[PDB]
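Engineer: Structure in structure tokens, see below.
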Amino acid sequence: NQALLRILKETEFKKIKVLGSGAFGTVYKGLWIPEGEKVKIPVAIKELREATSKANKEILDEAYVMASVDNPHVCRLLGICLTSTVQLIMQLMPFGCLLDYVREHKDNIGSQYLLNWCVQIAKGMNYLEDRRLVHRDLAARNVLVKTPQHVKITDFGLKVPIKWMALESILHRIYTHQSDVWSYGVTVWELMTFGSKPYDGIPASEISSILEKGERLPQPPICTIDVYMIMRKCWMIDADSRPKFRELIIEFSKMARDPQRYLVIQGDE
Ligand SMILES: *CCC(=O)Nc1cc(-c2c[nH]c3ncnc(Nc4ccc(OCc5ccccn5)c(Cl)c4)c23)ccc1OCCO
């Protein structure tokens with residue numbers, strides 16, 4: 001369904017400010033100004049670093065998939081511009097990434113917000129699973145905040161993220177929906193610690209020995225045992241014993257209906 005992806009001319013979008021950068025390239029805030037319309041749409045523009053050598057046709061095939069996602073908790077690719085570089089255009093998410101949001105707001109985040117984010121992320125991942133798409137890089141840095149209670153997963157379809165990876169991904173490069181569930185458990189841990197770094201100060205090459213010994217990320221103080229047990233189930237060595245995203249939607253939706261029962265936040269009780 002080609003109509004879902006706009007092939008953008010260079011005149012149709014303008015990079016105005018920098019949103020962030022790294023080894024991957026640079027993201028800009030700017031405007032999409034479609035020719036023959038009368039509107040200026042706020043967008044993010046991710047310009048990937050120029051590659052020395054896939055051909056346009058293969059890139060467009062993947063971009064068509066990214067433009068085909070239709071779920072309120074998964075970012076959709078709106079347009080692409082292929083030149084010497086690949087530029088990806090999508091709606092601007094004004095509050096930025098969820099990791100930095102929770103760090104910035106760590107004294108002002110309630111239990112219902114936290115649990116709602118867990119529901120929304122599980123819904124987006126369950127959608128990707130229904131589409132037979134494996135994310136491979138779920139993390140709080142790859143959830144974007146459209147408004148404080150509407151978040152969306154980004155950076156699927158595109159430094160190995162060892163500290164978010166299932167053991168079978170580290171050891172055998174196996175990536176499945178169930179290794180995404182492992183990353184989901186780490187992502188929830190990031191939210192419940194208000195953005196702490198997992199395994200802080202531990203070299204990436206030491207993580208597999210931690211997991212092999214049965215050690216895991218610690219129980220966040222605000223988490224009751226019921227919430228931590230979900231997170232621990234996501235880190236089982238047996239991938240098929242981990243929760244499914246459809247079960248995680250159900251369990252976190254139940255907790256979000258009684259948030260004070262399940263998280264004990266600063267000032268509660
Ligand atoms: C947690 C740190 C961080 O990520 N900081 C950055 C935030 C943003 C950013 C801020 N507002 C945004 N709105 C919209 N998009 C982005 N970023 C963004 C991420 C991915 C992609 O393309 C990939 C993709 C598109 C569609 C579907 C699936 N994948 C785009 Cl186009 C835009 C926003 C930007 C950069 C940040 O820093 C990066 C380095 O830390």
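Ordering of the structure tokens sets the chain letters (A, B, ...); residue numbers start at 1 within each chain; ligands are numbered from 1 in the order shown.
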Distance limit 6 Å, reference ligand 1, atoms considered: only C-alpha atoms and all ligand atoms. Which residues make the cut? Give them as a list in words.
Structural biologist: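 Final answer, ordered by chain and number: residues 19, 20, 21, 22, 27, 44, 45, 46, 66, 75, 76, 77, 88, 89, 90, 91, 92, 93, 94, 96, 97, 99, 100, 141, 154, 155 and 156 of chain A.
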Engineer: Include C-alpha atoms and write out the residues we just selected as a PDB file, in the first residue's frame.
Structural biologist:
ATOM      1  CA  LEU A  19      16.639  17.377  18.666  1.00  0.00           C
ATOM      2  CA  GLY A  20      19.615  15.076  19.278  1.00  0.00           C
ATOM      3  CA  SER A  21      22.490  13.263  17.674  1.00  0.00           C
ATOM      4  CA  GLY A  22      24.741  10.276  17.994  1.00  0.00           C
ATOM      5  CA  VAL A  27      17.390  14.214  14.434  1.00  0.00           C
ATOM      6  CA  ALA A  44      11.033  15.239  13.406  1.00  0.00           C
ATOM      7  CA  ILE A  45      13.565  14.502  10.664  1.00  0.00           C
ATOM      8  CA  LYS A  46      16.134  11.762  11.331  1.00  0.00           C
ATOM      9  CA  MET A  66       7.322   1.365   8.818  1.00  0.00           C
ATOM     10  CA  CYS A  75       5.364   5.660  15.757  1.00  0.00           C
ATOM     11  CA  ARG A  76       4.520   5.647  12.059  1.00  0.00           C
ATOM     12  CA  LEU A  77       6.898   6.719   9.311  1.00  0.00           C
ATOM     13  CA  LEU A  88      13.062   9.726   7.877  1.00  0.00           C
ATOM     14  CA  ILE A  89      10.174  12.108   8.639  1.00  0.00           C
ATOM     15  CA  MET A  90       7.587  11.522  11.335  1.00  0.00           C
ATOM     16  CA  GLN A  91       5.264  13.466  13.568  1.00  0.00           C
ATOM     17  CA  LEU A  92       6.985  15.522  16.242  1.00  0.00           C
ATOM     18  CA  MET A  93       6.630  14.090  19.759  1.00  0.00           C
ATOM     19  CA  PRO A  94       7.043  17.330  21.716  1.00  0.00           C
ATOM     20  CA  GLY A  96      10.796  13.903  23.833  1.00  0.00           C
ATOM     21  CA  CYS A  97      11.956  10.499  24.893  1.00  0.00           C
ATOM     22  CA  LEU A  99      13.712   8.057  29.592  1.00  0.00           C
ATOM     23  CA  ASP A 100      14.610  11.736  29.810  1.00  0.00           C
ATOM     24  CA  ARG A 141      15.084   5.863  25.324  1.00  0.00           C
ATOM     25  CA  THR A 154       9.986   4.235  17.973  1.00  0.00           C
ATOM     26  CA  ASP A 155      13.185   2.932  16.304  1.00  0.00           C
ATOM     27  CA  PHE A 156      11.963  -0.425  15.059  1.00  0.00           C
TER      28      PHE A 156
END
Engineer: Considering only C-alpha atoms, tabulate each residue of stretch 237-262 of chain A that lies at most 9 Å from stretch 106-116 of chain A along with its nearest interatomic pair and the corresponding distance in Å to one decimal; arrange the rows by chain and ascending residue number and present them as JSON lines.
Structural biologist:
{"residue": "A:252", "atom": "CA", "partner": "A:115", "partner_atom": "CA", "distance": 6.4}
{"residue": "A:253", "atom": "CA", "partner": "A:116", "partner_atom": "CA", "distance": 7.5}
{"residue": "A:255", "atom": "CA", "partner": "A:115", "partner_atom": "CA", "distance": 7.0}
{"residue": "A:256", "atom": "CA", "partner": "A:115", "partner_atom": "CA", "distance": 5.4}
{"residue": "A:257", "atom": "CA", "partner": "A:112", "partner_atom": "CA", "distance": 8.1}
{"residue": "A:258", "atom": "CA", "partner": "A:112", "partner_atom": "CA", "distance": 8.2}
{"residue": "A:259", "atom": "CA", "partner": "A:112", "partner_atom": "CA", "distance": 5.4}
{"residue": "A:260", "atom": "CA", "partner": "A:111", "partner_atom": "CA", "distance": 6.7}
{"residue": "A:262", "atom": "CA", "partner": "A:111", "partner_atom": "CA", "distance": 8.2}
Engineer: Just to be explicit: take each residue in the selection above, keep N, CA, C and O atoms, and write the result as a PDB file, in the first residue's frame.
Structural biologist:
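Contents of out_4.pdb, freshly written:
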ATOM      1  N   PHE A 252      -1.062  -5.361  33.413  1.00  0.00           N
ATOM      2  CA  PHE A 252      -0.840  -3.968  33.752  1.00  0.00           C
ATOM      3  C   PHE A 252      -2.123  -3.159  33.674  1.00  0.00           C
ATOM      4  O   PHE A 252      -2.244  -2.174  34.388  1.00  0.00           O
ATOM      5  N   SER A 253      -3.084  -3.543  32.805  1.00  0.00           N
ATOM      6  CA  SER A 253      -4.362  -2.839  32.802  1.00  0.00           C
ATOM      7  C   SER A 253      -5.093  -3.043  34.127  1.00  0.00           C
ATOM      8  O   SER A 253      -5.738  -2.118  34.639  1.00  0.00           O
ATOM      9  N   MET A 255      -3.635  -3.570  37.038  1.00  0.00           N
ATOM     10  CA  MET A 255      -2.932  -2.786  38.050  1.00  0.00           C
ATOM     11  C   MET A 255      -3.224  -1.301  37.911  1.00  0.00           C
ATOM     12  O   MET A 255      -3.334  -0.580  38.922  1.00  0.00           O
ATOM     13  N   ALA A 256      -3.362  -0.821  36.668  1.00  0.00           N
ATOM     14  CA  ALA A 256      -3.669   0.583  36.454  1.00  0.00           C
ATOM     15  C   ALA A 256      -5.062   0.960  36.960  1.00  0.00           C
ATOM     16  O   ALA A 256      -5.318   2.141  37.201  1.00  0.00           O
ATOM     17  N   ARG A 257      -5.951  -0.020  37.176  1.00  0.00           N
ATOM     18  CA  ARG A 257      -7.229   0.291  37.810  1.00  0.00           C
ATOM     19  C   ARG A 257      -7.157   0.413  39.323  1.00  0.00           C
ATOM     20  O   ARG A 257      -8.151   0.816  39.928  1.00  0.00           O
ATOM     21  N   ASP A 258      -6.031   0.069  39.960  1.00  0.00           N
ATOM     22  CA  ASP A 258      -5.870   0.251  41.407  1.00  0.00           C
ATOM     23  C   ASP A 258      -4.403   0.565  41.650  1.00  0.00           C
ATOM     24  O   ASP A 258      -3.678  -0.208  42.277  1.00  0.00           O
ATOM     25  N   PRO A 259      -3.935   1.708  41.148  1.00  0.00           N
ATOM     26  CA  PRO A 259      -2.479   1.944  41.141  1.00  0.00           C
ATOM     27  C   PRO A 259      -1.855   1.995  42.523  1.00  0.00           C
ATOM     28  O   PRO A 259      -0.703   1.571  42.685  1.00  0.00           O
ATOM     29  N   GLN A 260      -2.570   2.514  43.527  1.00  0.00           N
ATOM     30  CA  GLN A 260      -1.994   2.576  44.872  1.00  0.00           C
ATOM     31  C   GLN A 260      -1.798   1.200  45.488  1.00  0.00           C
ATOM     32  O   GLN A 260      -0.954   1.048  46.366  1.00  0.00           O
ATOM     33  N   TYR A 262      -0.463  -1.261  43.852  1.00  0.00           N
ATOM     34  CA  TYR A 262       0.635  -1.951  43.186  1.00  0.00           C
ATOM     35  C   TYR A 262       1.950  -1.190  43.208  1.00  0.00           C
ATOM     36  O   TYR A 262       3.004  -1.826  43.104  1.00  0.00           O
TER      37      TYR A 262
END
Engineer: Report, in Å with one decimal, the straight-line distance from atom CA of residue A:152 to atom CA of residue A:105.
Structural biologist: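 Pair atom CA of residue A:152 / atom CA of residue A:105 returns 18.3 Å.
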Engineer: With only C-alpha atoms as the counted atoms, please give the residues lying no more than 12 Å from residue A:65, apart from itself and same-chain residues fewer than 3 positions off, as a list in words.
Structural biologist: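 The contact residues come out as residues 1, 2, 3, 4, 5, 58, 59, 60, 61, 62, 68, 69, 70, 75, 76, 77, 78, 79, 128, 131, 132, 133, 156, 157 and 158 of chain A.
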Engineer: Check stretch 107-224 of chain A with DSSP on the backbone and list each residue it calls alpha helix (DSSP H), as a tab-separated table (two decimals) with N, CA and C atoms, in the first residue's frame.
Structural biologist:
chain	number	residue	atom	x	y	z
A	111	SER	N	1.70	6.96	40.38
A	111	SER	CA	1.62	5.55	40.03
A	111	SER	C	0.70	5.28	38.84
A	112	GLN	N	-0.38	6.04	38.67
A	112	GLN	CA	-1.23	5.73	37.52
A	112	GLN	C	-0.52	6.09	36.22
A	113	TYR	N	0.26	7.18	36.20
A	113	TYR	CA	1.04	7.49	35.00
A	113	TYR	C	1.99	6.36	34.64
A	114	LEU	N	2.75	5.89	35.64
A	114	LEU	CA	3.73	4.83	35.41
A	114	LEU	C	3.06	3.58	34.87
A	115	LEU	N	1.96	3.15	35.51
A	115	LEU	CA	1.32	1.93	35.06
A	115	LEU	C	0.67	2.10	33.70
A	116	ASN	N	0.12	3.30	33.43
A	116	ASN	CA	-0.44	3.53	32.11
A	116	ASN	C	0.63	3.43	31.03
A	117	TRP	N	1.83	3.96	31.30
A	117	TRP	CA	2.89	3.81	30.31
A	117	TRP	C	3.21	2.35	30.05
A	118	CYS	N	3.18	1.53	31.11
A	118	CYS	CA	3.48	0.11	30.93
A	118	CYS	C	2.43	-0.54	30.05
A	119	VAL	N	1.14	-0.16	30.23
A	119	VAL	CA	0.08	-0.68	29.39
A	119	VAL	C	0.31	-0.27	27.95
A	120	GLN	N	0.59	1.02	27.73
A	120	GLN	CA	0.70	1.53	26.37
A	120	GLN	C	1.87	0.90	25.64
A	121	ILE	N	3.01	0.74	26.34
A	121	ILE	CA	4.14	0.11	25.68
A	121	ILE	C	3.83	-1.34	25.34
A	122	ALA	N	3.16	-2.07	26.26
A	122	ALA	CA	2.77	-3.43	25.96
A	122	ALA	C	1.80	-3.51	24.78
A	123	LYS	N	0.89	-2.53	24.67
A	123	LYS	CA	-0.03	-2.52	23.53
A	123	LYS	C	0.70	-2.33	22.21
A	124	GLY	N	1.64	-1.37	22.17
A	124	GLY	CA	2.42	-1.18	20.96
A	124	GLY	C	3.23	-2.42	20.59
A	125	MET	N	3.89	-3.04	21.60
A	125	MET	CA	4.67	-4.23	21.30
A	125	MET	C	3.78	-5.40	20.87
A	126	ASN	N	2.59	-5.54	21.46
A	126	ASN	CA	1.67	-6.58	21.03
A	126	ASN	C	1.25	-6.36	19.59
A	127	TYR	N	1.09	-5.08	19.21
A	127	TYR	CA	0.78	-4.79	17.81
A	127	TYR	C	1.92	-5.22	16.89
A	128	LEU	N	3.16	-4.85	17.23
A	128	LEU	CA	4.31	-5.29	16.44
A	128	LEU	C	4.32	-6.81	16.32
A	129	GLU	N	4.07	-7.52	17.44
A	129	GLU	CA	4.01	-8.98	17.39
A	129	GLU	C	2.90	-9.48	16.44
A	130	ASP	N	1.71	-8.87	16.50
A	130	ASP	CA	0.68	-9.23	15.52
A	130	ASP	C	1.13	-8.99	14.08
A	167	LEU	N	19.34	-13.04	27.27
A	167	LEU	CA	20.56	-13.83	27.25
A	167	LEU	C	20.76	-14.56	25.92
A	168	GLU	N	19.68	-15.09	25.32
A	168	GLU	CA	19.85	-15.81	24.05
A	168	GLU	C	20.22	-14.87	22.89
A	169	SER	N	19.91	-13.57	23.01
A	169	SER	CA	20.36	-12.60	22.01
A	169	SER	C	21.84	-12.31	22.18
A	170	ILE	N	22.29	-12.12	23.42
A	170	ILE	CA	23.72	-11.92	23.66
A	170	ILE	C	24.53	-13.11	23.17
A	171	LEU	N	24.10	-14.32	23.55
A	171	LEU	CA	24.94	-15.49	23.29
A	171	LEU	C	24.81	-16.04	21.87
A	172	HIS	N	23.63	-15.97	21.26
A	172	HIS	CA	23.39	-16.66	20.00
A	172	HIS	C	22.81	-15.77	18.93
A	177	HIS	N	10.00	-12.27	19.43
A	177	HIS	CA	9.09	-11.51	20.27
A	177	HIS	C	9.38	-11.74	21.74
A	178	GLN	N	9.85	-12.94	22.10
A	178	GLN	CA	10.13	-13.21	23.51
A	178	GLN	C	11.42	-12.56	23.98
A	179	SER	N	12.39	-12.32	23.09
A	179	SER	CA	13.50	-11.47	23.54
A	179	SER	C	13.08	-10.01	23.65
A	180	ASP	N	12.10	-9.57	22.84
A	180	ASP	CA	11.54	-8.24	23.07
A	180	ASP	C	10.87	-8.15	24.44
A	181	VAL	N	10.24	-9.23	24.90
A	181	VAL	CA	9.63	-9.23	26.24
A	181	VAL	C	10.69	-8.99	27.32
A	182	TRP	N	11.87	-9.61	27.16
A	182	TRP	CA	12.97	-9.31	28.08
A	182	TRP	C	13.27	-7.81	28.11
A	183	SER	N	13.44	-7.20	26.92
A	183	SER	CA	13.72	-5.77	26.87
A	183	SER	C	12.59	-4.95	27.49
A	184	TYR	N	11.33	-5.39	27.31
A	184	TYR	CA	10.20	-4.74	27.96
A	184	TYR	C	10.36	-4.75	29.47
A	185	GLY	N	10.78	-5.89	30.04
A	185	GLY	CA	11.00	-5.90	31.49
A	185	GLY	C	12.06	-4.92	31.94
A	186	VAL	N	13.15	-4.79	31.16
A	186	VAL	CA	14.15	-3.78	31.51
A	186	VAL	C	13.58	-2.37	31.38
A	187	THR	N	12.78	-2.13	30.34
A	187	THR	CA	12.15	-0.83	30.13
A	187	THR	C	11.24	-0.46	31.30
A	188	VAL	N	10.43	-1.42	31.78
A	188	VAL	CA	9.60	-1.17	32.96
A	188	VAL	C	10.47	-0.87	34.16
A	189	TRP	N	11.58	-1.60	34.33
A	189	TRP	CA	12.50	-1.30	35.41
A	189	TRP	C	13.04	0.12	35.31
A	190	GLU	N	13.40	0.56	34.10
A	190	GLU	CA	13.81	1.95	33.93
A	190	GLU	C	12.73	2.91	34.38
A	191	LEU	N	11.48	2.67	34.01
A	191	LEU	CA	10.42	3.60	34.42
A	191	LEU	C	10.24	3.60	35.93
A	192	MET	N	10.27	2.41	36.55
A	192	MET	CA	9.96	2.33	37.98
A	192	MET	C	11.10	2.83	38.85
A	207	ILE	N	27.91	-8.62	31.52
A	207	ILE	CA	26.48	-8.81	31.81
A	207	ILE	C	26.08	-10.26	31.69
A	208	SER	N	26.59	-10.97	30.67
A	208	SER	CA	26.12	-12.34	30.50
A	208	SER	C	26.46	-13.19	31.72
A	209	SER	N	27.64	-12.98	32.34
A	209	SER	CA	27.97	-13.75	33.54
A	209	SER	C	27.06	-13.41	34.72
A	210	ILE	N	26.60	-12.16	34.82
A	210	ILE	CA	25.62	-11.81	35.84
A	210	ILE	C	24.33	-12.62	35.64
A	211	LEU	N	23.83	-12.64	34.40
A	211	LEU	CA	22.57	-13.32	34.13
A	211	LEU	C	22.73	-14.82	34.29
A	212	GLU	N	23.85	-15.36	33.84
A	212	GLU	CA	24.10	-16.80	33.97
A	212	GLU	C	24.10	-17.26	35.41
Engineer: When DSSP works through the backbone of this structure, what residues of stretch 22-55 of chain A end up as strand (DSSP E), shown as a ChimeraX atom specification?
Structural biologist: /A:22,25-32,41-48
Engineer: Those same residues - N, CA and C atoms - I'd like them written as a short mmCIF file (atom, residue, chain, number, x, y, z; two decimals), in the first residue's frame.
Structural biologist:
data_model
loop_
_atom_site.label_atom_id
_atom_site.label_comp_id
_atom_site.auth_asym_id
_atom_site.auth_seq_id
_atom_site.Cartn_x
_atom_site.Cartn_y
_atom_site.Cartn_z
N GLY A 22 23.90 11.35 17.50
CA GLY A 22 24.74 10.28 17.99
C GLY A 22 25.40 9.57 16.84
N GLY A 25 23.50 9.31 13.48
CA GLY A 25 23.11 10.46 12.69
C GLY A 25 22.52 11.56 13.56
N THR A 26 21.55 12.29 13.04
CA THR A 26 21.07 13.48 13.72
C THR A 26 19.57 13.55 13.53
N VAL A 27 18.83 13.92 14.57
CA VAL A 27 17.39 14.21 14.43
C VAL A 27 17.18 15.71 14.59
N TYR A 28 16.35 16.27 13.72
CA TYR A 28 16.01 17.68 13.69
C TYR A 28 14.52 17.83 13.96
N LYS A 29 14.16 18.94 14.61
CA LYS A 29 12.78 19.41 14.63
C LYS A 29 12.62 20.32 13.43
N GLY A 30 11.50 20.19 12.76
CA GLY A 30 11.29 21.09 11.65
C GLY A 30 9.85 21.04 11.18
N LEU A 31 9.67 21.32 9.89
CA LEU A 31 8.34 21.47 9.34
C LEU A 31 8.26 20.67 8.06
N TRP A 32 7.13 20.01 7.88
CA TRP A 32 6.76 19.41 6.62
C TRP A 32 5.78 20.37 5.94
N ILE A 41 3.46 21.34 8.96
CA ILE A 41 3.22 20.29 9.95
C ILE A 41 4.51 20.13 10.78
N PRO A 42 4.44 20.23 12.09
CA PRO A 42 5.65 19.97 12.90
C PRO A 42 6.06 18.52 12.77
N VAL A 43 7.36 18.29 12.51
CA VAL A 43 7.85 16.94 12.31
C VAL A 43 9.23 16.83 12.94
N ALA A 44 9.64 15.60 13.15
CA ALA A 44 11.03 15.24 13.41
C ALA A 44 11.60 14.67 12.11
N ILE A 45 12.87 14.95 11.86
CA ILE A 45 13.56 14.50 10.66
C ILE A 45 14.82 13.81 11.15
N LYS A 46 14.92 12.49 10.94
CA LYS A 46 16.13 11.76 11.33
C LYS A 46 16.95 11.53 10.07
N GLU A 47 18.16 12.10 10.04
CA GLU A 47 19.08 11.95 8.92
C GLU A 47 20.10 10.91 9.34
N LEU A 48 20.05 9.74 8.73
CA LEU A 48 21.02 8.72 9.06
C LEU A 48 22.39 9.04 8.47
#
Engineer: In terms of the shortest atom-to-atom distance over only C-alpha atoms, which of A:85, A:218, A:267, A:238 is closest to residue A:52?
Structural biologist: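 Of the candidates, the smallest distance to residue A:52 is held by A:85.
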Engineer: Measuring between only C-alpha atoms, which one of A:215, A:248, A:103, A:159 shows the shortest distance to residue A:231?
Structural biologist: A:248
Engineer: Out of A:13, A:145, A:197, A:36, which residue has the shortest atom-to-atom distance to residue A:81 when counting only C-alpha atoms?
Structural biologist: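 Ranked by minimum distance to residue A:81, first place goes to A:13.
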Engineer: A:205, A:38, A:166, A:173: which is nearest residue A:242, counting only C-alpha atoms?
Structural biologist: A:166
Engineer: Using Å and a single decimal, report how far atom CA of residue A:222 sits from atom CA of residue A:263.
Structural biologist: 5.3 Å
